[PDB]
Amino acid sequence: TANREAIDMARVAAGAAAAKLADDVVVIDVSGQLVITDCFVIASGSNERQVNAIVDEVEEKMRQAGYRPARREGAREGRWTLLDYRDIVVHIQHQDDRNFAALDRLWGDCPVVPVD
């Protein structure tokens, strides 16, 4: 399964998104699929303000956890942001833009990490 250190990072990220009332907050164990990243963290906002508040909360809480800033990515015209912390990767998106079948297609065979 996923390394304990990676799960702890995921816990911090998911707790930050939950603190800003994100929807779809799930930690995916991708340790059996990928060679580097162990946890994928999904989160969604109902508006773009919230999406960005979730993004900033995750970064601020990850900094407090002692980690270096994520390598970031997003679409200039899109409403998503990708945060790469290596052991984990965080993906935050406006719920209206999400493709949920595509998510399940990609990670449907991966265990959910009950992180609470």
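Sequential numbering from 1, following the sequence displayed.
Undergrad: Do the CA atoms of 7-15 or those of 98-106 have the higher mean B-factor in the entry?
TA: Of 98-106 and 7-15, the stretch with the higher C-alpha B-factor average is 98-106.
Undergrad: Name the higher of the two by mean Cα B-factor in the PDB entry, 89-97 versus 19-27.
TA: Of 19-27 and 89-97, the stretch with the higher C-alpha B-factor average is 19-27.
Undergrad: If you check the C-alpha B-factor for each of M62, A75, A53, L83 in the entry, which is highest?
TA: The listed residue with the largest C-alpha B-factor is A75.
Undergrad: Would you please rank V113 by its C-alpha temperature factor against the other modelled residues of its chain and give the third it falls in: lowest, middle or highest?
TA: For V113, whose C-alpha B-factor we compare with every modelled residue in the chain, the answer is the lowest third.
Undergrad: According to the PDB entry, is the CA B factor of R49 in the bottom, middle or top third of its chain, that is, lowest, middle or highest?
TA: Its C-alpha B-factor belongs to the highest third of this chain's values.
Undergrad: Splitting the chain's C-alpha B-factors into thirds, which one does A70 fall into?
TA: Its C-alpha B-factor, which the entry lists for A70, ranks in the highest third among residues of this chain.
Undergrad: Among all modelled residues of this chain, ranked by Cα B factor, put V35 in the bottom, middle or top third, i.e. lowest, middle or highest.
TA: For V35, the deposited C-alpha B-factor lands in the highest third.
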